[PDB]
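>>> just coords:
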Ligand SMILES: O=C(Nc1cccc(Oc2ccc(Nc3ncnc4ccn(CCOCCO)c34)cc2Cl)c1)NC1CCCCC1
């Protein structure tokens, strides 16, 4: 019953980190180029440099986690290309050339049609469903954690620890009791959808973060986006039910949004219905022999 995922273990001098992209709970993400030695190719990558393990046991478990990442294989979830076994271990993935979905929707709010919005809702759901099938809880699904490979193709990234705060994305039970499950991921998925449908509005803006639990327990939720019919909005609301087992399963969300993506005009009302990150690749870097990690592998 074998697992023949290939783990590449690479020296860091085969990479040039161009710039920092961001930081999170487990360390720092760079934009870089993989230039495998004795070749004529520069491959666009992201490199996450993990902070130092605080104990021998936790250092070991970085490798268990990398074991899990290298076996993740779905078109809508990021895929480990390799690691560098420096004292602080580096994770190498393919660069998604359009950056994160949150920035993409904000910039292009006048040029995104119902078809694209609904499709992304589908693909993200396919990615979460895959992660559920693998028993992996994401814990931080939000639009900033969805990446745009092409406008027609998005991936979930930065999923949580395999073996175990964004308050305004968290299920009620996660806020109160620190319970994270696939059904709490469904809650966050609903918020991610709301972000997309508002072209990147900040959820519960103005409401302090320390009032969120109280607001939720009292029955308040994110308001209907202007472009949403009550049909799409009801799917969101169902993800935000206090009873976790009453929420849609991701596999149901794949179906619902796929149905809607047949007649997107029925479901989203956008006028004239019928990347800053990309441009930085065009400008802020040497671009001679660049080639996708698709072509090379
Ligand atoms: O660390 C993990 N898990 C984990 C799981 C998956 C990925 C992952 O690493 C990455 C995460 C995010 C990104 N980013 C991007 N990738 C690609 N193209 C772009 C373009 C803009 N970005 C930046 C915007 O990305 C949005 C997210 O910030 C990109 C890159 C990498 Cl390599 C770490 N588990 C630890 C648990 C505790 C013990 C140690 C392991």
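Cool, the structure landed. Numbers count the residues shown, from 1 in each chain.
>>> Contact residues of the stretch 1-150 of the chain facing the ligand?
For the stretch 1-150 of the chain, the contact set with the ligand under CB under 6 Å from any ligand atom comprises 21-22, 24, 26, 29, 46, 48, 50, 62, 65, 69, 78, 91, 93, 95-96, 99-100, 144-145, 147. For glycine as for every other residue, the C-beta is placed from the backbone atoms N, C-alpha and C.
>>> Based on its surroundings, how many neighbours for the nearest residue in space to residue 181 that is not next to it in sequence?
Excluding the flanking residues, the one nearest residue 181 by CB to CB, 6 or more residues apart in numbering is residue 137, at 6.3 Å. Residues lying near residue 137 (other CB atoms under 10 Å) number 20.
>>> Let me see the contact set for residue 137.
By CB atoms under 8 Å, 6 or more residues apart in numbering, the contact list for residue 137 reads 131, 160, 164, 180, 181, 182, 184, 185.
>>> Quick check: the fifth one touching residue 249?
Right, the one you point to is residue 181. No: using CB atoms under 8 Å as the test, residue 181 is too far from residue 249 to be in contact (11.7 Å).
>>> ok, the nearest residue to residue 261 once chain neighbours are set aside - how many residues close by?
Closest residue to residue 261 in three dimensions, ignoring its sequence neighbours and counting by CB to CB, 6+ apart: residue 118, at 4.1 Å. Neighbour count of residue 118, defined by other CB under 10 Å: 24.
>>> Against the ligand, how distant is the residue lying farthest from the centre of the chain?
Distance to the chain centre peaks in the chain at residue 38, reaching 33.8 Å (criterion: CA atoms, centre = their mean). When distance is defined by CB to the nearest ligand atom, to the nearest Å, residue 38 is 25 Å away from the ligand.
>>> Stretch 11-21: which residues count as buried?
14, 15, 16, 17, 18, 21 (16 or more other CB atoms under 10 Å).
>>> tell me what the helix or strand hosting residue 49 is packed against?
Taking DSSP states H and E as the criterion, residue 49 maps to strand 43-50. With contacts taken as 3 or more CB pairs under 8 Å, 6 or more residues apart in numbering; DSSP states H and E, strand 43-50 sits against strand 15-24, strand 27-34, strand 90-94.
>>> switch to 6 Å and redo it
strand 27-34, strand 90-94 (3 or more CB pairs under 6 Å, 6 or more residues apart in numbering; DSSP states H and E).
>>> right, and those strands - which one's nearest residue 240?
strand 27-34 (29.5 Å; CB to CB).
>>> Pull out the buried residues from stretch 258-268.
260, 261, 264, 267, 268.
>>> thinking again about what came up before, mind putting the buried residues of stretch 11-21 into TSV with distance to residue 275?
Listed next are those as TSV, based on distance: CB to CB, whole Å:
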residue	distance to residue 275
14	27
15	23
16	22
17	21
18	17
21	14
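>>> Check those residues against the ligand and report the nearest one.
Nearest to the ligand among the buried residues of stretch 11-21: residue 21, at 4.5 Å, using CB to the nearest ligand atom.
>>> My understanding was that the closest one contacts residue 29; is that so?
Yes: if you go by CB atoms under 6 Å, residue 21 and residue 29 touch, sitting 4.7 Å apart.
>>> returning to that earlier point: and the residue nearest to residue 261, what helix or strand is that in?
Counting by DSSP H and E, residue 118 is part of helix 114-133.
>>> With adjacent residues omitted, what lies nearest to residue 160?
Per CB to CB, 6+ apart, closest to residue 160 is residue 139, 3.7 Å.
>>> For that neighbour, which three-state class applies?
Classification of residue 139 using DSSP: H, G, I helix; E, B strand; the rest coil returns coil.
>>> tally of neighbours for it?
Residue 139: 20 neighbours (other CB under 10 Å).
>>> how close does it get to residue 236?
20 Å (CB to CB, to the nearest Å).
>>> Please, where are all the strands along the protein?
Ranges of strands in the chain, per DSSP state E, are 8-9, 15-24, 27-34, 43-50, 80-84, 90-94, 146-150, 153-156.
>>> can you redo the ones you listed as TSV with distance to residue 109?
Formatted as TSV, the strands of the chain follow (distance: least, CB to CB, whole Å):
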stretch	distance to residue 109
strand 8-9	39
strand 15-24	22
strand 27-34	25
strand 43-50	25
strand 80-84	33
strand 90-94	27
strand 146-150	15
strand 153-156	17
